[PDB]
């Protein structure tokens, strides 16, 4: 009253998307939320329009250096750096400031797993910003700390958790997830160039080396008592946004039981849409929305459960999750600023 919000990493894709959502948030329109300092590690002194020409209402804002002093004096701070490490910065801010970290530093609950995959000391763990996971909403209500999930784990966990929690599939899961290129971030490399990406698909970081692998495992372990294993293969495709996760696991359960488990899990979840029978998700349908579209099936011959989930990697996969969780932290309606209606075609 009013809630003054800073965004660190404002010039990146996640930062831009948080800002897009905040501009459309009812708390912004009625004055209860103010957009304050917009910061970046380089390009201080540049204007936001130079980075985000779609954000014309903020085009004139001058980007400031990312430092604790600049971020101080805000009620909420988004650390909009999904690929960055914000433990050092986060430690300099008050426990009473709401910090929403888009990065990985506070996602994991096992220090040994952290050290193995990230090669640094474990900073700790904050409430995980996936409100639909069992128990997660309770953790987020009134929190002043949020660790936003990775984009791929968001899709895979939404696809898989209801089946595993109901003990209807085996705990060895396979996930092959296609993703648009914005999930790779805004740092220019030759491999992310348009000419390279357009008209091509490639798997990367395969066979368990992708850092989101243990993150999927952690979310699944939380809903079962069994040893979880995850085979996760990400595939870059020629789209700017979207993740379509194809998730499989062996099953002994009939389709009717699995379908019922998903209906029960998601029937009162405003962002999670279970496809009518005979329809399947498409990433095009969710772009620009905070929705996840989910369908499930059983391959009887292969004794295999198949779950498909589509999300916008930048919305439900990143910035939408961040805002959704922010709403919960602040006691605002969870759906504020977050449409379920995709911008298609």
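Numbering follows the first chain given and starts at 1.
Higher mean Cα B-factor in the deposited model: 81 to 89 or 263 to 271?
Per the PDB entry, the higher value belongs to 81 to 89.
For the C-alpha atoms alone, is the average B factor greater in 66 to 74 or in 47 to 55, going by the entry?
The stretch with the larger average C-alpha B-factor is 66 to 74.
Between 319, 33, 306, 309, which one tops the list for C-alpha B-factor in the PDB entry?
Answer for 319, 33, 306, 309: 33, with the highest C-alpha B-factor.
From 166, 187, 178, 160, which pick has the Cα B-factor that tops the rest in the entry?
Highest CA B-factor of the listed options: 187.
Is the Cα B-factor recorded for residue 225 in the lowest, middle or highest third of its chain?
Its C-alpha B-factor, which the entry lists for residue 225, ranks in the highest third among residues of this chain.
By the record's CA B-factor, is residue 119 among the lowest, middle or highest third of residues in the chain?
It falls in the top third of the chain.
Going by the entry, which third of its chain does the Cα temperature factor of residue 141 land in?
Tercile = highest for this residue's CA B-factor.
Ranked by Cα temperature factor within the chain, is residue 131 in the lowest third, the middle third or the highest third?
Lowest third of the chain for residue 131's C-alpha B-factor.
Test of reading the entry: by CA B factor among the chain's modelled residues, which third contains residue 252?
Highest third, going by the recorded CA B-factors of the chain.
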